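**Student:** Just passing along the structure, written as structure tokens.
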Amino acid sequence: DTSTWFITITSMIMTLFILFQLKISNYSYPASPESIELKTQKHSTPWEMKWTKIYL
Amino acid sequence: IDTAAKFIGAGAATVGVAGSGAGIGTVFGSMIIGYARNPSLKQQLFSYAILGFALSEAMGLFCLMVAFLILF
Amino acid sequence: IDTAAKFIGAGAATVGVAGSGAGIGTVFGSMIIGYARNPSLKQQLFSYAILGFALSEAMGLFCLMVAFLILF
Amino acid sequence: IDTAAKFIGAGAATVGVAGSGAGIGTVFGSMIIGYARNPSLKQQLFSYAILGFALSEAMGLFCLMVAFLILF
Amino acid sequence: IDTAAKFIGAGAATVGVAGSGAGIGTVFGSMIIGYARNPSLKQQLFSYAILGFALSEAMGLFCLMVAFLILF
Amino acid sequence: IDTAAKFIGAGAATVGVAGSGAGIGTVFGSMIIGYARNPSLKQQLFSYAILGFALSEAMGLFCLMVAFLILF
Amino acid sequence: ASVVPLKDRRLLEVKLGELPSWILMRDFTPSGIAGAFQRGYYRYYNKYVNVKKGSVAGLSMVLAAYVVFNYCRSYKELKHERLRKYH
Amino acid sequence: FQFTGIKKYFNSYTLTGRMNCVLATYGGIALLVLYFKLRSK
Amino acid sequence: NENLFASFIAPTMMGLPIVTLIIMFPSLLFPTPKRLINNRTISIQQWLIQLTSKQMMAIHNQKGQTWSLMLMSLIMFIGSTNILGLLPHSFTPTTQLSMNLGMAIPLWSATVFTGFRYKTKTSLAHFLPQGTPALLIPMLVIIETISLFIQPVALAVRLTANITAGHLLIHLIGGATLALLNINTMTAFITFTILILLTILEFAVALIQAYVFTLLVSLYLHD
Amino acid sequence: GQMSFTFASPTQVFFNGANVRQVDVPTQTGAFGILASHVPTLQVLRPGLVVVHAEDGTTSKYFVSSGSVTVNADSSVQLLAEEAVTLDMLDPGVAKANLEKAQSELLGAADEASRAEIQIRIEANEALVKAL
Amino acid sequence: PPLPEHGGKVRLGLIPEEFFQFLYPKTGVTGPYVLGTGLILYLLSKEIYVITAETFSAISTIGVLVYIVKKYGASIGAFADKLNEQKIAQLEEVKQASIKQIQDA
Amino acid sequence: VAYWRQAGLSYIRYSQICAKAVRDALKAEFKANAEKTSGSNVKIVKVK
């Protein structure tokens, strides 16, 4: 109850923070998916500008 | 001899809750005058009523924690 | 010594149940300053008071069983 | 007699949280009304209540630490 | 029995720090309701809370130092 | 036995300074929402602030002189 | 014995909640779209019917296993039984 | 392989986060008073 | 003299069985998928993170955002290990005061050594609040430093003391039902008090906001 | 009930004698709600949006700049505003750029009242973005 | 409250008939039920062994978890909704990607 | 009282600036109605 002596649990808590940093590290953010559509637009526009400079 | 001292040390420990019996009386009286000004209750104004309630009852009930330990 | 120990643990616990009367002073009282700005009366305005009135009394009738828990 | 006076010794010092037990009701009943008037909580207007809560719940468990150090 | 009064004396003497509990719950909540109406915090608005915090704190730790000096 | 009643009442008196700790909080709290509307600070705001501070002290300090009177 | 207990959870996942995607498992993913929740259903009475996309019988079996596993440790302490049986 | 998934994370923040020595010292001293009180019973 | 309550005198036991199984067990409640579309039970776990990762991100807005990918692991562990224990005979590791003194101090002292490796002067020159008046320099810097070292004790003891306080009212209001072989009308009202109190004891999720957040404010203020 | 809501620009008129039960106005000294019999006041406006809730299913999201709200003794209001435009006439893209340029001149202001003019300009663009 | 006490009492007249119609479903199992009476003994024998304690709060933590199964039939939409919302973005992206590439040629 | 108060300004001088910013955030279509009002045409004649 008023328990005692403490040599227990606290060494078994930091092994747990090797688990939770393994699972939650492999998550996906919805926002990152909206960023890859932006750089694809500017690249072909500059490639068309490279084709416009191939005209001009 | 300490059988009474079991009691009053528990009997005095219980009146430390008497703050939070009034402390939630503030946060519900202070919400209706935050509401009659601005009727947007489904927004975060009601969500600050419960977190203010829960953080006050968190300091409310654990004053009765020391009451039972003196008993049991 | 038995009836000596019981009663002064019981009276000193009932102090905490009027410790929530000072909250419903604010709950029932701060309805006044809200009602005068806006008369939307039978809306959640009076009903938020009941969420204040019976939750602050719920810390009032909290300790009163604990007093009768140490009556016996 | 050393044990019995300790039993009532921590019973009186339980109620030191009763100041913080309702002092946390006011400051979380004053951001219900400061967000109602001007919705700019995401700046200083929320971090001035938790900083209000840290420097006021520093004094709730401050006294129960003494009621432990008088017990054991 | 001489040490028996040394323990129950600091039992109620640290209830005086609860007065710096509920008294600090206002002056940190009043910098909520009076900040939104006038954003000038880096001027003497925040500085009159730190004076309002510290000099309200000075009557908190003074009633702590009684409980040390009554015991030793 | 004479030291038994002396060492309780010295702690039983200094709970009287807790109520001064409450009333001193509003005086630096209402001046926050008092000055927030009206920046006329160097005039009689602060002069009514210092008088309000040193008058609540004299209901807290006056028990403290009586508190040391019990010991001697 | 490590490949023995690891092949217990990978059997009690991919059958009764919830059989994921990543093709080489694409039709194995829709195998959980019908689900074995119809197989898991009949134990309670009928009532936990909401298991369609928030699957109760997938989760509420582990938590029913963790209760009766912790009933064993408590059994020594709260004995209470007379020289008979109860009602 | 419970390392190189999170090894870029460790030497970033364990410079301040892996200071359990203060926990070890406040733990190891907390061992001492409880063996001492049972020694004097 | 109508309704006489009863009580039962029995020891309330926070025993210590084999813990290192019980700690690992709320890790395997959460799976992680290596797929694009997931399977409608991780997908409401994956959404629940992307809410409260957008509230411990917004305040900081620095190059101290690297720290914040850990702080959402700290919320799922004591978010789970406080919610598992509401079951009939389960055991919570955050009941014992041992590990919480190992959750505060390796995290709290990871904050004061964060600015002291980069700023080295103005981290604890935050002890200087304003345009210094004369009569209260010693009354200030003995106060604002005694409310600094309280913070590790203020952070751990607020968690252990109210979590276990939930468990005793679960027993004592519950145990008074069993010993109520007197008048049977009042048995239901004590039972109805329980099933309200178990709803209030899902504020064990609400008390993890007040552990990660006052760790952010104790990180944002120093850095 | 039994209200009158009037909403007029200098050049155009939105509402004349047609009230719908709830008006939300951004006041200079806070905010308020009108709920069929509010205690009458004489207030003036800050930059912010007015969301009039029509009966009519839905709301109406206007955005005033500086005007005057006069709720009076009988249940009738008169909200007059100078630049009362809707949302779709504004562009968010130009409103993002106008903020930090006025913050750049804020440090570069030598006088005390000329700097006070800059503090007016940053406040209006701040309510511009957050309304969008 | 005069109207609210009858409102549960009208539910008391409602639940006694709904329990009666549910008792009609067991009357349809007067002959054909061979499932429960195989396993109703182990919960009658073990309940004659040890299982009584201070755990009437075992049911109330299992009773509240029944009320959330009600809203779980709406959690399929939110869970379902998340998947659909997730699905629309890729569809928009592929179409958006396709038009740009073809017209640049 | 605000920062435009206690520094020596008027409410028209407040209302000129915050209404001018709304006429800069408009599009190219509704820029002519910002040119329409544009009330700077009255000259100032004081005899000294």
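By convention here, the chains of the structure tokens are called A, B, ... in the order presented, each chain's residues are numbered starting at 1, and ligands are numbered starting at 1 in the order presented.
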Show me, as a PyMOL selection string, the residues that have an atom within 8 Å of residue 10 in chain F when counting only C-alpha atoms, minus same-chain residues fewer than 2 positions from it.
**Tutor:** (chain E and resi 9+13) or (chain F and resi 6-8+12-14+67-68+70-71)
**Student:** Filtering to C-alpha atoms, could you give me those residues as a PDB file, in the first residue's frame?
**Tutor:**
ATOM      1  CA  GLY E   9       0.863  23.057  16.555  1.00  0.00           C
ATOM      2  CA  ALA E  13      -0.129  26.621  11.419  1.00  0.00           C
TER       3      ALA E  13
ATOM      4  CA  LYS F   6       0.561  27.191  24.361  1.00  0.00           C
ATOM      5  CA  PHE F   7       1.810  25.372  21.308  1.00  0.00           C
ATOM      6  CA  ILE F   8      -1.629  24.740  19.832  1.00  0.00           C
ATOM      7  CA  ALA F  12      -4.452  28.191  16.002  1.00  0.00           C
ATOM      8  CA  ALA F  13      -4.058  31.959  15.855  1.00  0.00           C
ATOM      9  CA  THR F  14      -1.933  32.154  12.707  1.00  0.00           C
ATOM     10  CA  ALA F  67      -0.433  35.588  18.201  1.00  0.00           C
ATOM     11  CA  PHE F  68       2.917  36.372  19.825  1.00  0.00           C
ATOM     12  CA  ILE F  70      -0.156  34.047  23.548  1.00  0.00           C
ATOM     13  CA  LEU F  71       3.408  32.723  23.676  1.00  0.00           C
TER      14      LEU F  71
END
**Student:** What do you get for the Cα RMSD if chain E is superposed onto chain F using all Cα atoms in their order?
**Tutor:**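 The optimal C-alpha superposition leaves an RMSD of 0.7 Å.
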**Student:** Using only C-alpha atoms, can you tell me which of B:21, B:39, B:60, B:34 comes closest to chain C?
**Tutor:**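 Nearest to chain C: B:21.
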**Student:** Counting only C-alpha atoms, collect the residues of chain D whose closest atom lies at most 8 Å from chain I, and write them out as a PyMOL selection string.
**Tutor:** chain D and resi 42+47+50-51+54-55+57-58+61
**Student:** Write the selection just made, keeping N, CA, C and O atoms, as a PDB file, in the first residue's frame?
**Tutor:**
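After the write, selection16.pdb holds the following:
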ATOM      1  N   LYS D  42      -5.624  31.515 -28.336  1.00  0.00           N
ATOM      2  CA  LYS D  42      -4.475  30.727 -28.778  1.00  0.00           C
ATOM      3  C   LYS D  42      -3.153  31.425 -28.505  1.00  0.00           C
ATOM      4  O   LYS D  42      -2.111  30.768 -28.448  1.00  0.00           O
ATOM      5  N   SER D  47      -2.324  30.451 -22.060  1.00  0.00           N
ATOM      6  CA  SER D  47      -1.093  30.165 -21.341  1.00  0.00           C
ATOM      7  C   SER D  47      -0.954  31.048 -20.112  1.00  0.00           C
ATOM      8  O   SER D  47       0.033  30.948 -19.383  1.00  0.00           O
ATOM      9  N   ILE D  50      -2.831  28.357 -17.372  1.00  0.00           N
ATOM     10  CA  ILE D  50      -1.995  27.234 -16.951  1.00  0.00           C
ATOM     11  C   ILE D  50      -0.815  27.729 -16.125  1.00  0.00           C
ATOM     12  O   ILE D  50      -0.470  27.146 -15.090  1.00  0.00           O
ATOM     13  N   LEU D  51      -0.201  28.836 -16.549  1.00  0.00           N
ATOM     14  CA  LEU D  51       0.765  29.525 -15.700  1.00  0.00           C
ATOM     15  C   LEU D  51       0.094  30.068 -14.445  1.00  0.00           C
ATOM     16  O   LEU D  51       0.741  30.246 -13.411  1.00  0.00           O
ATOM     17  N   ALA D  54      -0.153  26.495 -12.599  1.00  0.00           N
ATOM     18  CA  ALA D  54       1.103  25.978 -12.067  1.00  0.00           C
ATOM     19  C   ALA D  54       1.494  26.707 -10.791  1.00  0.00           C
ATOM     20  O   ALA D  54       1.876  26.075  -9.802  1.00  0.00           O
ATOM     21  N   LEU D  55       1.342  28.027 -10.771  1.00  0.00           N
ATOM     22  CA  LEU D  55       1.766  28.791  -9.607  1.00  0.00           C
ATOM     23  C   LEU D  55       0.654  28.881  -8.574  1.00  0.00           C
ATOM     24  O   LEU D  55       0.733  29.683  -7.639  1.00  0.00           O
ATOM     25  N   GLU D  57      -1.289  25.595  -8.094  1.00  0.00           N
ATOM     26  CA  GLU D  57      -1.265  24.212  -7.629  1.00  0.00           C
ATOM     27  C   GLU D  57       0.141  23.822  -7.193  1.00  0.00           C
ATOM     28  O   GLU D  57       0.405  22.665  -6.852  1.00  0.00           O
ATOM     29  N   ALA D  58       1.057  24.787  -7.178  1.00  0.00           N
ATOM     30  CA  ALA D  58       2.287  24.604  -6.424  1.00  0.00           C
ATOM     31  C   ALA D  58       2.020  24.631  -4.926  1.00  0.00           C
ATOM     32  O   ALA D  58       2.846  24.159  -4.144  1.00  0.00           O
ATOM     33  N   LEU D  61      -0.327  20.855  -3.105  1.00  0.00           N
ATOM     34  CA  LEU D  61       0.423  19.699  -2.629  1.00  0.00           C
ATOM     35  C   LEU D  61       1.624  20.126  -1.794  1.00  0.00           C
ATOM     36  O   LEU D  61       2.386  19.282  -1.311  1.00  0.00           O
TER      37      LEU D  61
END
**Student:** Which residues are near range 44-56 of chain A? Cut-off 12 Å, only C-alpha atoms, ignore same chain within fewer than 4 positions. Put them as a list in words.
**Tutor:**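 Listing them by chain and then by number gives residues 37, 38, 39 and 40 of chain A; 97, 100, 101, 102, 103, 104 and 105 of chain K.
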**Student:** Provide as a PyMOL selection string the residues of chain E at most 12 Å from chain J, counting only C-alpha atoms.
**Tutor:** chain E and resi 33-40
**Student:** Produce a table with one row for each residue of chain I that has an atom at most 6 Å from any atom of chain G, each row naming the nearest atom pair and its distance in Å at one decimal; use only C-alpha atoms; arrange rows by chain and rising residue number; format as a tab-separated table.
**Tutor:**
residue	atom	partner	partner_atom	distance
I:35	CA	G:22	CA	4.6
I:38	CA	G:20	CA	5.8
I:39	CA	G:20	CA	5.2
I:40	CA	G:53	CA	5.9
**Student:** Would you save the residues from that selection as a tab-separated table (two decimals), in the first residue's frame, using N, CA and C atoms?
**Tutor:**
chain	number	residue	atom	x	y	z
I	35	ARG	N	0.63	-0.36	-44.69
I	35	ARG	CA	-0.25	-0.33	-45.85
I	35	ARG	C	-0.77	1.08	-46.05
I	38	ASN	N	-5.91	1.50	-44.37
I	38	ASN	CA	-5.87	0.61	-43.23
I	38	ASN	C	-7.25	0.03	-42.94
I	39	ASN	N	-7.39	-0.60	-41.78
I	39	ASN	CA	-8.41	-1.61	-41.56
I	39	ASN	C	-9.40	-1.20	-40.50
I	40	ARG	N	-9.80	0.07	-40.49
I	40	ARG	CA	-10.95	0.65	-39.78
I	40	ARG	C	-10.99	0.36	-38.27
**Student:** DSSP on the backbone, then: every residue of chain H marked helix (DSSP H, G or I), written as a PyMOL selection string.
**Tutor:** chain H and resi 7-17+20-39
**Student:** Quick check: residues of chain A within 12 Å of chain H, only C-alpha atoms, returned as number ranges by chain.
**Tutor:** A: 3-8, 10-11, 14-26
**Student:** Report, in Å to a single decimal, how far apart CA of residue 27 in chain E and CA of residue 25 in chain F are.
**Tutor:**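 Answer for the CA of residue 25 in chain F to CA of residue 27 in chain E separation: 5.6 Å.
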**Student:** What does the structure give for the distance between CA of residue 173 in chain I and CA of residue 198 in chain I, in Å to one decimal?
**Tutor:** 11.3 Å
**Student:** Find the residue from J:51, J:128, J:13, J:44 that sits nearest to residue 26 in chain L; use only C-alpha atoms when measuring.
**Tutor:**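 Under the stated criterion, the closest residue is J:128.
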**Student:** Set the distance at 7 Å and use only C-alpha atoms: which residues neighbour range 4-18 of chain L once local chain neighbours fewer than 6 positions away are removed? I'd like the list as a list in words.
**Tutor:**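 Surrounding residues, per the criterion: residues 65, 66, 113, 116, 121 and 124 of chain J.
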**Student:** Please save N, CA and C atoms of the selected residues as a PDB file, in the first residue's frame.
**Tutor:**
ATOM      1  N   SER J  65     -16.334  47.141 -41.400  1.00  0.00           N
ATOM      2  CA  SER J  65     -15.033  47.721 -41.090  1.00  0.00           C
ATOM      3  C   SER J  65     -15.082  48.658 -39.893  1.00  0.00           C
ATOM      4  N   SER J  66     -15.946  49.673 -39.923  1.00  0.00           N
ATOM      5  CA  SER J  66     -16.142  50.581 -38.792  1.00  0.00           C
ATOM      6  C   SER J  66     -17.512  51.215 -38.942  1.00  0.00           C
ATOM      7  N   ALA J 113       3.233  58.971 -32.464  1.00  0.00           N
ATOM      8  CA  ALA J 113       1.871  58.867 -32.974  1.00  0.00           C
ATOM      9  C   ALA J 113       1.857  58.254 -34.365  1.00  0.00           C
ATOM     10  N   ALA J 116       1.793  54.861 -33.669  1.00  0.00           N
ATOM     11  CA  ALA J 116       0.451  54.501 -33.225  1.00  0.00           C
ATOM     12  C   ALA J 116      -0.483  54.313 -34.410  1.00  0.00           C
ATOM     13  N   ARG J 121      -3.105  49.749 -38.261  1.00  0.00           N
ATOM     14  CA  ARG J 121      -3.133  49.067 -39.550  1.00  0.00           C
ATOM     15  C   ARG J 121      -2.922  47.565 -39.396  1.00  0.00           C
ATOM     16  N   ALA J 124      -6.270  45.620 -38.234  1.00  0.00           N
ATOM     17  CA  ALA J 124      -7.323  45.382 -39.215  1.00  0.00           C
ATOM     18  C   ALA J 124      -6.978  44.217 -40.133  1.00  0.00           C
TER      19      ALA J 124
END
